[PDB]
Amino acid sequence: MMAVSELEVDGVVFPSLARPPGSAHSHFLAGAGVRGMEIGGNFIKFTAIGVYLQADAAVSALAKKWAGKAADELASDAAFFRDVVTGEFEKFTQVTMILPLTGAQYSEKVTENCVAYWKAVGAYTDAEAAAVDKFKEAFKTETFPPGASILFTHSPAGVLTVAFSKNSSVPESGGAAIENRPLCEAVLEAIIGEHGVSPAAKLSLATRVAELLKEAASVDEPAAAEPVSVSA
């Protein structure tokens, strides 16, 4: 069993462990990073994003394809981020405001992008339109001042739990629960996927996952300088 370190991103502290809203599973901080936009050739910071994974399950699920790889190989491999997104384990995303945003701004930006992509790939069903209504519904009249958070729990059955906090505190319970795999994945893939808005969170995630898998490989590994066995 292992631990990871805490991360601080432009003043936002993401603890090494958390429990997502609506879940009993402990999660570890897999990666965190700034989300910004280049306007001018100035990098303007909008949010700090922490990506947490199910402590029980994620390493074991990822090791099979990713053990052996250096951080810079995971960081440049679209299939690694896609395995994180689509993994058979729970994920938890925490988006914490650096600049203020409103509920309508955030939800409009994400759902319009989702919808555009789904139409482009020919996979836009009534189920997705109804999931987008439900998502927009949860966000209308929320507003997010600096330090407030948006909280997403991503289930492996493809249920997205949305919740909000006024600060970095993560609440016990969930808010809306949207049973739609495409939107549940899209929300996280919008962050760490090929088109991901946080290259920083991606590089962090690659680096720390690579480290975790390497320490794990070396635990149960026979060395002559440590011969003192505990089996018969």
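Note that residue numbering follows the sequence shown and begins at 1.
Peer 1: Which has higher Cα B-factors on average according to the PDB entry: 170-178 or 203-211?
Peer 2: According to the entry, 170-178 carries the higher average C-alpha B-factor.
Peer 1: Quiz for you: based on the deposited Cα B-factor, which of 93, 102, 125, 86 is highest?
Peer 2: Reading the PDB entry, the winner on C-alpha B-factor is 125.
Peer 1: Tell me, lowest, middle or highest third: where does the Cα B factor of residue 140 rank within its chain?
Peer 2: Ranked within chain, residue 140 CA B lands in the highest tercile.
Peer 1: Based on the entry's values, in what third of the chain does the Cα temperature factor of residue 69 lie: lowest, middle or highest?
Peer 2: According to the entry, residue 69 has a C-alpha B-factor in the chain's middle third.
Peer 1: Sorting the chain's modelled residues by C-alpha B-factor, tell me whether residue 13 ends up in the lowest, middle or highest third.
Peer 2: CA B-factor rank for residue 13: middle third.
Peer 1: Sorting the chain's modelled residues by C-alpha B-factor, tell me whether residue 36 ends up in the lowest, middle or highest third.
Peer 2: For residue 36, the deposited C-alpha B-factor lands in the middle third.
Peer 1: What third of its chain, lowest, middle or highest, does the C-alpha temperature factor of residue 134 fall into?
Peer 2: It falls in the middle third of the chain.
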